[PDB]
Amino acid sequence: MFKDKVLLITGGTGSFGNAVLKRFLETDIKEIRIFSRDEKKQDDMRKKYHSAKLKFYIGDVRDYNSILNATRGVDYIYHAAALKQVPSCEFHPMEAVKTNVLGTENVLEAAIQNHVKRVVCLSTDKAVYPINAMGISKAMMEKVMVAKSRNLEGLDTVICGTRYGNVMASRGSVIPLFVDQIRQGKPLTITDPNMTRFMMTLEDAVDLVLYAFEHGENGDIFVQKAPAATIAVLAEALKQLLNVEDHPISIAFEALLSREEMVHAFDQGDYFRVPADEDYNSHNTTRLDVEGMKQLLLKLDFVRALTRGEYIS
């Protein structure tokens, strides 16, 4: 679907943006535009990929004119620019509002003005039953995206969103913490052995975005079905992959869709599709055993490498 087309990714210097580049840079796509504020991160990527298809635009989604110019001639937009950290959003909620909410309004308005064909907005499980300023701002962003998706019937723009939770082995998460502790001979620090988390990789997320991109109608929100595991099972599976069963250990659920969303949702195989108008959480989804957890971990390249005595990040 990307042949001779132009894709723009807001927040493209982030982990998502990189995942998308690695998949698409050497395909038949014409151009990938990276839109973000930071010139150092953009320079590093330029050198890392050394690809003529990769165009970099300095800009801020808070700035309508900026995004309006970057989206001239663009076919598709992946909207991933956000403030995503909990403490900074707690202390500067206006900043979260300006970026996540007003920023989102700008990209969509620019997309509509420039006749962009498709826009996918990335959202988080923290938006379902939100408890802090970051989560709240993402919940508000969804509401905004859905309202904006109305009246585009004559026009040729489809806007929809995807929602996913934390991905395995992202920065400062449990898996790289456990791996380090095992490498350093330290006991694993475990809060609650029975705390459950959804388990999905960064590749799975890219697939979720690709699915929404192909199948979405205005205002749709897609969620990918994901299995879950307890921290107990995660630690056990990891000690077995790294050959340290005889290794010391020292001693609550996330939701992807609310009850309300569940009653209206379409089950579409590996995805739920929530059309615009029990909970689905890590406790009641498919539970992984150690063997199934080991298969998921082995989808991480740094972990495959460890079982060979190789070390990469």
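Don't overthink the numbering: it's just position in the shown sequence, from 1.
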- [ ] Can you count, per the entry, how many deposited residues between residue 251 and residue 252 come without coordinates? Answer none, 1 to 3, 4 to 9, or 10 or more.
- [x] 4 to 9
- [ ] Indicate whether the chain is continuous between residue 277 and residue 278 or, if not, how many deposited residues are absent from the coordinates: none, 1 to 3, 4 to 9, or 10 or more.
- [x] 10 or more
TODO: Determine, for stretches 152-160 and 115-123, which one has the higher mean CA B-factor as deposited.
DONE: 152-160
Open item on the list: Test of understanding: from the entry's C-alpha B-factors, which stretch has the higher mean, 227-235 or 135-143?
Closed with: 227-235
Task: Of the residues 108, 199, 128, 190, the one carrying the largest Cα B-factor as recorded - done: 190
Open item on the list: Looking at 100, 240, 218, 71, which one carries the largest C-alpha B-factor according to the PDB entry?
Closed with: 240
- [ ] Within this chain's modelled residues, let me know which third the CA B factor of residue 283 belongs to: lowest, middle or highest.
- [x] highest
TODO: Would you please rank residue 52 by its C-alpha temperature factor against the other modelled residues of its chain and give the third it falls in: lowest, middle or highest?
DONE: highest
TODO: Comparing against every modelled residue in the chain, figure out the third that the C-alpha B-factor of residue 172 lands in (lowest, middle or highest).
DONE: highest
Task: residue 94 CA temperature factor, ranked by third within the chain - done: lowest
Open item on the list: Sorting by Cα B-factor within the chain, modelled residues only, which third would residue 247 end up in: lowest, middle or highest?
Closed with: highest
